[PDB]
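In the entry's author numbering, the protein residues as written are 11 to 341. Each remark here refers to the structure printed beneath this line.
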Ligand SMILES: O=C(O)CNC(=O)C(=O)O
Ligand SMILES: [Mg+2]
Ligand code: NI
Ligand SMILES: [Zn+2]
């Protein structure tokens, strides 16, 4: 078995290998990359997402989210308080303000220490989940707005045509902005490209060990666990690396820098934080190997998780027994 210790793998495809997205994902899996839950892909030196980022300041962040924490430094939840709209130029100036800017630090490890020590005492503002793309339409390789759609994959694999669409999302971050422990909707893959700015640190649990993280989460967030049998679908809980190590949960960590792709694999729990002002783009995708994960994915039916239009068909076709209850949670 390849990569039996489930380490995060880093790939350096040539420009020739960068032509065929599906083929390269299958190659990475042939080498055991999925076992980690997360892989990094450094694009060939010839490749670019677009020519420059000089003209992005007028993009609107209609609903910036202030991420307010509750709990203790290593075990907390966050809720999202909606703020007034602002442009990306306004948000970048806010991220660089004395109140919100990255503190002085020696290296990524020092910054990671400062994040876990101090996150809960601040409420950073995240421009998350903005429909759109920063890939130039002329970028033909690994353009996250031109991928094969999940609906077309399900149709190719299973023969059933379904409604729904699959488009990318932009994330404008600042120091301490945080993504809570989660897997993707329907345990899909994700791909994330860091277009510009400061790094993003990731934590991940191997898919084979995901239920160990879920059991710890039920112990650490016991009221949330009674409320919902899949409460990590709410995307609000954080657990630090120190707490994971104390409880023997297998995980790995890696920092993504601007110009790099990350891929999360089906049922790979992940969490992390931004180092400073940045912009990322991400989208879900599927492969034939996903189908079995989609059929087994947990679902939130308590009403909290509320997701896209397109998840309907995935539940309806892959999880018909669950459909009725899940849809009640959506309505
Ligand atoms: O970058 C973020 O805030 C969160 N991204 C993801 O969870 C992802 O790409 O799957
Ligand atoms: Mg603009
Ligand atoms: Ni994700
Ligand atoms: Zn729920």
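Beta carbons are placed, not taken as given, at the ideal position from N, Cα and C, and that holds for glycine.
Check                                                                                                                 : Outcome
Residue 100 CB to nearest heavy atom of ligand 2 below 7 Å                                                            : no
Reduced DSSP category for residue 252 - H, G, I as helix; E, B as strand; rest coil                                   : helix
Range of the contiguous alpha helix (DSSP H) that encloses residue 235                                                : 232-237
Cβ contact check for the region 267-284 and the region 181-191: 3 or more pairs under 8 Å                             : yes
Rounded separation between residue 344 and residue 247 - CA only                                                      : Only positions 11 to 341 of the chain appear in this structure, which leaves residue 344 out of reach.
Proximity of residue 267 and residue 209 at Cβ, strictly below 8 Å                                                    : yes
Helix, strand or coil at residue 220 [DSSP, three-state]                                                              : helix
Residue span of the beta strand (DSSP E) that contains residue 289, given as start and end                            : 288-295
Pairwise C-alpha distance: residue 144 and residue 154                                                                : 9 Å
Touch test, the region 294-303 against the region 193-207, Cβ-Cβ under 8 Å, three pairs minimum                       : yes
Candidates 166, 114 and 156, of which the one nearest residue 142 by Cα                                               : 156
Residue span of the beta strand (DSSP E) that contains residue 200, given as start and end                            : 199-207
Extent of the continuous alpha helix (DSSP H) run through residue 37                                                  : 31-40
Under 8 Å between C-beta atoms of residue 92 and residue 73                                                           : yes
Residue 329 - containing alpha helix (DSSP H), residue span                                                           : It is not in any alpha helix (DSSP H) - residue 329 carries neither H nor E in the DSSP assignment.
Spatial neighbours of residue 99 in its chain, beta-carbon cut-off 6 Å, leaving aside the 5 residues before and after : 67
Inter-residue Cα distance where the pair is residue 225 and residue 238                                               : 13 Å
Same chain only: Cβ atoms within 6 Å of residue 245, ignoring 5 sequence neighbours per side                          : 190 and 192
Residue nearest to residue 170 in terms of C-alpha spacing, selected from 88, 274 and 323                             : 323
Neighbourhood of ligand 2 [Cβ distance below 6 Å to any heavy atom], ordered by chain position                        : 65, 66, 67, 68 and 69
Ligand 3 heavy atom lying under 7 Å from the CB of residue 194                                                        : yes
Among 11, 337, 223 and 163, nearest to residue 40 - alpha-carbon criterion                                            : 11
Span of the beta strand (DSSP E), counted from its first residue to its last, around residue 50                       : 48-51
Residue 309 versus residue 212 - alpha carbon distance                                                                : 24 Å
Selection from 33, 302 and 119 that minimises the alpha carbon distance to residue 168                                : 302
Distance CB(residue 47)-CB(residue 215) smaller than 8 Å                                                              : yes
Bridge partners - residue 212, DSSP secondary structure assignment                                                    : 264 and 282
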